[PDB]
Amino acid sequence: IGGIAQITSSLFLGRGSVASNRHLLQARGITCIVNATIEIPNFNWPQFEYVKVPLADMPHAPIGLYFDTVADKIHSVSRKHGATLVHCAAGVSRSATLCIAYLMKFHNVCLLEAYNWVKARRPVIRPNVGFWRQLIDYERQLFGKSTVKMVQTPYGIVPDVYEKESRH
């Protein structure tokens, strides 16, 4: 289905549009919805637990303050044998960033691998550059070293992966 992708057995990433499709989420065994937007209200179906993370998709939004709490929630739900959908509006930046943070913390994968993991399943992902700065700091906190660097290009400072992609 358009607008949703499976990342792990207990974690899905999506656009806000899929978040109100009760049947689609039940079909995936989704029990918990993390709404990583300020601007989309929770639909509030009784079937799901809802967690609101009220951030804008902006480089200075302090999304990192939710890295541990959302990652811990995804883990808690999984250990209780449920599954989580982390959604934003576009399924591009806010939700992807939180999924990448979760993969690093609970799947022992570096930031480059965590990006490639999510990107393999949802190729449209594109965390904003501030979110990248925050992910890089979090990676350094977890592993004591970084696998993505911010680099200056003629078009702005971006993670090196974006520069590499621009050259095919």
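Numbering starts at 1 and follows the sequence shown.
On average the C-alpha atoms of 17-25 have higher B-factors than those of the other stretch, with 17-25 and 150-158 being the two compared.
The PDB entry assigns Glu139 a C-alpha temperature factor belonging to the lowest third of its chain's modelled residues. In the PDB entry, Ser93 places in the lowest third of its chain by CA B-factor. Per the deposited record, the Cα B-factor of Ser76 falls in the middle third when ranked against the other modelled residues of its chain. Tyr102: CA B factor in the lowest third of modelled residues in this chain (values from the PDB entry).
Per the PDB record, residue ranking by Cα B-factor puts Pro59 in the middle third of the chain.
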